[PDB]
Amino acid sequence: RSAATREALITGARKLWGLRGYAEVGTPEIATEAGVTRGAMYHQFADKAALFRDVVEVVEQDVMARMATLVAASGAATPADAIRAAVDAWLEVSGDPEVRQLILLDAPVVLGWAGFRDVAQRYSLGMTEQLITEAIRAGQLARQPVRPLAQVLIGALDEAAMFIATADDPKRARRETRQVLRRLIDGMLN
């Protein structure tokens, strides 16, 4: 009922904002894409930013699912190779035009830095801490505090993706950034 309306609105908002950006699409156009009235939409979402918060949750769930599948697919043989594949998986997924627009460009603006940090960490800290713990257990990464390392790596990878997202030559930005991240990772791994 309400759940059907909310799911229609989130789907339509993800599609249209994914293509043209948060700033360029109003709630009435999203209501039309979804097949609901303005009244029904206003009942479910106070304002545009509330609908965007639910869009970011569903997109982040999909980002983390896709990254897990690419890492499972990579044929990584050790925890060190799992971390290298996880970095390749992030650059691949964050290079999706919808992810670029909603997560890398719009979410930091609409959510704020604190908001974006909270979402990024809520979705990514667990996977990141896991990869670090497995590398430490396999003797391929120095025993060190896991959470601070995970935090710093997430900040590095988020900034890498945002640099590529806004680069004048994104093809070259991506190749050069991937080399930077490999050197950084490889200096930690043994």
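Residue indices: 1-based, along the sequence shown.
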(request) Name the higher of the two by mean Cα B-factor in the PDB entry, 145-153 versus 65-73. (result) 65-73
(request) Using the B-factors recorded in the PDB entry, average over the C-alpha atoms of 161-169 and of 48-56, then report which stretch comes out higher. (result) 161-169
(message) For the CA B factor values reported in this entry, which option in 83, 114, 103, 109 has the top one?
(response) 114
(message) By the recorded C-alpha temperature factor, relative to the other modelled residues in its chain, which third is residue 181 in?
(response) middle
(request) Ordered by C-alpha B-factor within the chain, which third holds residue 132? Give me lowest, middle or highest, please. (result) middle
(request) Would you mind checking where the Cα B-factor of residue 30 ranks among the modelled residues of its chain, as the lowest, middle or highest third? (result) lowest
